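Take a look at the structure set out below.
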Amino acid sequence: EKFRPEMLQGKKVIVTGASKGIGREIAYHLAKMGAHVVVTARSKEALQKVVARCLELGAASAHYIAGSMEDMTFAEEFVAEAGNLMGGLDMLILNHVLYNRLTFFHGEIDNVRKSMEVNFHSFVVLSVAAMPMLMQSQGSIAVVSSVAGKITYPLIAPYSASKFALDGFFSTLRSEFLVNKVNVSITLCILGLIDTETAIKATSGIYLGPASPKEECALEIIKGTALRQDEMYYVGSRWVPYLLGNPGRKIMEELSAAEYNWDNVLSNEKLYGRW
Amino acid sequence: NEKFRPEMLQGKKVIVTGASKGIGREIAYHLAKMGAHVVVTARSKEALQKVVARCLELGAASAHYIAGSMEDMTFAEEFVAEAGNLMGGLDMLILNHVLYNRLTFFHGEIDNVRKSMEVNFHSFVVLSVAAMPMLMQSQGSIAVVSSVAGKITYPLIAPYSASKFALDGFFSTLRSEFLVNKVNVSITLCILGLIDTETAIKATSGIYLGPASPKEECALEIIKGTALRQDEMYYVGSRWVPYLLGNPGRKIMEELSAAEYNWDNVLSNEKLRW
Amino acid sequence: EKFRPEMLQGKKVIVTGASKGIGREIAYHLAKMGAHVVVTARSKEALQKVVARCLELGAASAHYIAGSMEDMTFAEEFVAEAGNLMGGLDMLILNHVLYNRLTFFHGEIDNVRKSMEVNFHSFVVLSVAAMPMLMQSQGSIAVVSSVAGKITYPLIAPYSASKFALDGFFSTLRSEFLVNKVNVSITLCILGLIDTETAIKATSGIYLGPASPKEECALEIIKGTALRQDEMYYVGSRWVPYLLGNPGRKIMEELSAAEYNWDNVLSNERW
Amino acid sequence: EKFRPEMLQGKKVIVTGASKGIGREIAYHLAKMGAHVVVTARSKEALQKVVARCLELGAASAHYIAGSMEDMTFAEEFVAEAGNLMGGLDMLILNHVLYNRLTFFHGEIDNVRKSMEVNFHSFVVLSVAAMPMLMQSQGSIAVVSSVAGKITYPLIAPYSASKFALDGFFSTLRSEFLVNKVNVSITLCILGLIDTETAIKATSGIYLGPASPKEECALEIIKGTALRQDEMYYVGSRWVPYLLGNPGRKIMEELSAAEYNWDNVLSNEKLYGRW
Ligand SMILES: NC(=O)c1ccc[n+]([C@@H]2O[C@H](COP(=O)([O-])OP(=O)(O)OC[C@H]3O[C@@H](n4cnc5c(N)ncnc54)[C@H](OP(=O)(O)O)[C@@H]3O)[C@@H](O)[C@H]2O)c1
Ligand SMILES: NC(=O)c1ccc[n+]([C@@H]2O[C@H](COP(=O)([O-])OP(=O)(O)OC[C@H]3O[C@@H](n4cnc5c(N)ncnc54)[C@H](OP(=O)(O)O)[C@@H]3O)[C@@H](O)[C@H]2O)c1
Ligand SMILES: NC(=O)c1ccc[n+]([C@@H]2O[C@H](COP(=O)([O-])OP(=O)(O)OC[C@H]3O[C@@H](n4cnc5c(N)ncnc54)[C@H](OP(=O)(O)O)[C@@H]3O)[C@@H](O)[C@H]2O)c1
Ligand SMILES: NC(=O)c1ccc[n+]([C@@H]2O[C@H](COP(=O)([O-])OP(=O)(O)OC[C@H]3O[C@@H](n4cnc5c(N)ncnc54)[C@H](OP(=O)(O)O)[C@@H]3O)[C@@H](O)[C@H]2O)c1
């Protein structure tokens, strides 16, 4: 079941946080594959450059919409406008993340709140807004997370909380989609240190581990999502993913599914509605 | 290392949130039997009053209640101060309250996700920040009450699970920092299986066939594990399940990645609090 | 002597650099207190969002004027238009700034010039333009500065020069206003690391110390100015302000005032 | 480390604002010590007289270049021509200042701009232009400032702003030079009322303070700079310097140096470059 760049030709993709870093590279790859893209971020000028580059690169079409993901109204309206621009949606790539730095936690409650809004709540709002289109196209969602969304590291409590939250929410959603045979795939991407300008500045002489290249990172995210994988690990080691992937949890989730009165659940109107 | 004794809590100054019913109420009762000072909180005044009265009969050193919603961050903050005044300090902060939502498939209830994150997560953080000075002075402890659904995922409770995962991310990171900085406030994450509280029994009814553990013993185990300053406390109705939940891989990784830090540029830059 | 939010209800306030960071939060607080506000910065769309929010927050009125403070003609014209919009001016909050990712100095004269224009000269131009209105209302000026405006830090020479300049100028002006019994207060605000997106990005990986919250910072600036304080320290420590506040200088300034021949002076020499 | 006039024999020194007052006296002292000097100011005839006196006094060599420090192109070109004249540069004495008049501030924006250009920006331009030569010779810079550059006085806002600015800039530069082990010394000279014709006229019936002699002032500037001191106080009291010198600031600056990630900084890669 091998990946081929043709899996994305003509596809309608949204990439958030695409004015720089991994997101920008994700846009570029998609353009090379002849996909339709709508990129978003806060910076208009940066987004404009990305759109121009994507067109040169061979994108089927490329547009940008500028706004902050701290604003939930924008997140919601963005998905509608984007769907109009492309006439639908095959893939939703959730990549953006709030500015953060490395510091011991001292009581930055506002930082905790803002991180949860931008890194987490907006991912949920965007997904909800996109779900009708995704269900129609039987499309996919990439949820971009971090090694710090699977284990804990000093110096990034607010960030880690929001990335853990993503795992809890979207992993639960995936399980439901499976039980209800909804054919929208949800891929959780777990990234190690990636050599984006932002990550390198935040960590240079503090965290000493090696960084992985952003170009290959972005491609691996695209592949894993296209192939509809549950999780995609890009952490700079072929072994580390298994220490992160928690065999115990996968076993437990598989076994606990048998504890449900499915006879009832799948035939209970009150547990269902729609979007 | 050592064995728990009820005397570890005699005279101690403890806060129990979500203590008008269920596990929290039982936690209050145990603490009273051990002769601790308690301040219980929840939204229901009358229910809290009953709990305080019982705690006193039970042998609490002192018992008071403060009523309010944990969806209000100003209250959470002010509550900890008033509670500290009532007892003249704080040894143990037991974070127990929660917002439940009907077992139901998710389909766009964003407001439920937001409210769950406020009540189950953000307030836990606000309370902890407000209590930290007192806890540092007493070298006290925090119990963070969570769930099996905070370690693995279950259909039908996405909003709840997100908030409980968040707790693990945040408080586990905080603990690691406290260790690196030799701050002697312990943080105990409690992972509970199905417990036979009225609320949990009604909610899973005819949906989840799994077993329930007794609330009285659950509450005691939370108190013990926190008193003994354990990192985590599993009460899940099986002696084996905790190891399938406890993720040996993660513990190894966290231990090893600590060596990747330039601690001389981190700890030596530590010349600054709450 | 205690601050009350009512001190700002109906007041006519200008906030510069108010499209994000501390300035935006200053606008929001003022709106909650029912003040009239005119916000300014370069970004039109950002300013529009701020104005809309302020109105929802309970501002008596809110308008925006977009332009660069590197242009002195704009700075001057902005104050007039703003005064027209509100029919006067009670408080001028000078907050805007040019930041430079931290770097050792190595000959960037143009950076030194542009920093002095934006962080310093425009503060002066704006104050001069606003002075008639402020004298009429016996209003106040908040001059937003920095710990780097009181002591020196590696890596920010251009910024520090301009912030020191502000202290020199506005502190001298305050002393003159006192000698001449002009009742316009001048409050110099000295800020430590504040958790704005811009400050966090600029020092990330370089400084790992605690930043202070921007919401409380903005409120403290408003309070200190409303109470007409000479200086307002918000630096993340209750002790540090006294190591920055230079008791020696305050003593010297108090004593040297007696060295002046107030006869040949006060007898002699507007905007 | 006692000063000796021989520390300046054969040295290559620039003195700005040297057609009268303190600067002229600085030139004279340097000549007596057998240094090479290049003097500058706007007045040709006055500079010519100074050069002649310097030669008569025993200067190794003496030249003058006339021009205004309001013109940044001149400031830059002056340092090059001066370096050519002497074949290098050991000491840069920044002394010039715009004429100012004691008066309450009444919205004289043009005065503020011109004072900042002449008293501050030109000091920076000159320093930048001279830095290569100074680094080669491991030389020194004297930044001539004022008590009004450390505390504030009614009636001189424009002047004080520019002198404060000097402290901010050159004190920051010094700290950087120390961190990077660049061996060019920067001496900030803090002067009280000095009996130059200009200062006496300006303050005649206003400041009733006691003036210090200009000849000794100029010598103290030379000594302090030769001995590579951080600051040099000549204020007419042995006690006043400590009320101006701000112990609190020195402590803070010493302590805050420990808050930096030098391994990031010293190795942020691109925090350097050159002149
Ligand atoms: N880099 C790593 O080592 C690493 C490691 C683990 C996980 N990750 C994950 O990878 C993803 C991308 O990381 P990165 O290093 O590529 O990020 P980045 O370079 O720092 O930029 C992320 C993008 O998010 C956007 N963004 C920030 N705030 C926003 C807001 N409020 N509203 C809308 N967009 C906003 C930014 O655009 P604007 O500023 O213009 O708004 C930017 O385009 C993140 O989810 C991160 O957690 C990265
Ligand atoms: N029961 C289980 O099977 C189980 C399993 C895993 C984890 N847990 C954890 O155990 C803890 C207690 O569970 P439980 O079953 O004992 O809970 P419960 O019986 O449903 O009641 C929890 C308490 O929280 C309080 N509360 C709810 N909303 C509040 C608000 N907005 N502000 C302040 N207090 C509020 C309630 O008081 P008021 O309504 O009067 O405000 C109540 O006293 C929770 O953290 C839960 O996540 C339980
Ligand atoms: N943040 C800190 O840790 C800290 C510490 C000490 C002092 N301070 C002081 O606090 C004040 C605000 O800092 P901040 O971090 O909130 O700033 P910020 O987030 O970086 O933004 C400052 C504001 O100034 C505006 N601005 C920039 N260039 C301008 C120009 N040429 N003309 C007009 N407006 C311009 C910006 O709007 P546009 O870009 O849209 O023009 C922005 O709204 C500054 O005076 C700063 O020196 C902050
Ligand atoms: N005198 C005091 O009581 C006192 C107190 C504190 C600090 N200081 C500092 O001591 C230094 C010298 O003071 P001073 O009293 O000796 O000064 P001064 O007698 O008034 O003359 C200063 C020199 O600067 C030159 N100058 C003025 N404008 C210039 C321009 N646009 N371009 C180039 N050169 C210019 C003048 O020459 P031209 O006019 O021919 O150009 C003159 O040679 C100044 O930095 C001053 O701030 C003096």
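When we count neighbours, we look across all protein chains shown, and the Cβ atoms used for this are built from the backbone with ideal geometry, even at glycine. Values quoted throughout were computed directly from the atomic coordinates according to the rules given, and no laboratory measurement underlies them.
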When all alpha-carbon pairs of the range A:200-275 are counted, what percent fall beyond 15 Å?
-> 75 percent
The range C:16-81: GluC sites (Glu not before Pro) in DSSP loop, at most 15 other beta carbons within 10 Å = C:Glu70
May I ask you to derive the FRET efficiency for D:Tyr272 and C:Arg270 from their Cβ-Cβ distance with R0 = 45 Å, giving the value to the nearest 0.05?
-> 0.35
Under the span-like rule (Cα at least 15 Å along the axis, Kyte-Doolittle mean at least -1.0), DSSP H helices of chain D | D:21-32, D:44-57, D:72-86, D:122-137, D:157-179, D:214-226
Surpassing 21 Å at the alpha-carbon level, of the pairs A:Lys114/A:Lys223; B:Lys50/B:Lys202; B:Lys3/B:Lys33; B:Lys115/B:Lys164; D:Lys11/D:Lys44; C:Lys114/C:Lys214, are A:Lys114/A:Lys223; B:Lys50/B:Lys202; D:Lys11/D:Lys44; C:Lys114/C:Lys214
Within the range A:245-275, report the GluC sites (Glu not before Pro) that DSSP leaves as loop and that have at most 13 other Cβ atoms within 10 Å.
-> none
Cα extents of the range B:233-274 along the three principal axes, largest first (Å) | 46, 27, 8
Ratio for chain A, C-alpha Rg to 2.2 N^0.38 Å, reads 0.99
Which value, in debye to the nearest 20, gives the size of the charge dipole of chain A about its Cα centre, when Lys and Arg are +1 and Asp and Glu are -1 at the Cβ?
-> 500 debye
Label B:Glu7 and C:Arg53 with points 7 Å out from Cα along Cα→Cβ: what is the distance between them in nm?
-> 5.7 nm
Can you work out the FRET efficiency for the pair A:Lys181 and A:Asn261, with r the C-beta to C-beta distance and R0 = 22 Å, to the nearest 0.05?
-> 0.75
Between the range A:1-17 and the range D:105-155, the Cα center-to-center distance that results, in Å | 59 Å
How big is the equivalent ellipsoid of the protein assembly as shown along its three axes, where each semi-axis is √(5λ) from the Cα gyration tensor, reported in whole Å from largest to smallest?
-> 62, 33, 28
Add -39500 (n - 2.57) for each DSSP H run of 4 or more in chain A, then divide by its residues: what number comes out at 222 nm, to the nearest 500 deg cm²/dmol?
-> -14000 deg cm²/dmol
How about the range D:191-275: which trypsin sites (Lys or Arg not before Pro) there lie in a loop by DSSP and see at most 11 other Cβ atoms within 10 Å?
-> D:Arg238, D:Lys270, D:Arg274
So how compact is the range C:67-166: Cα radius of gyration and Dmax in angstrom?
-> 15.0, 47
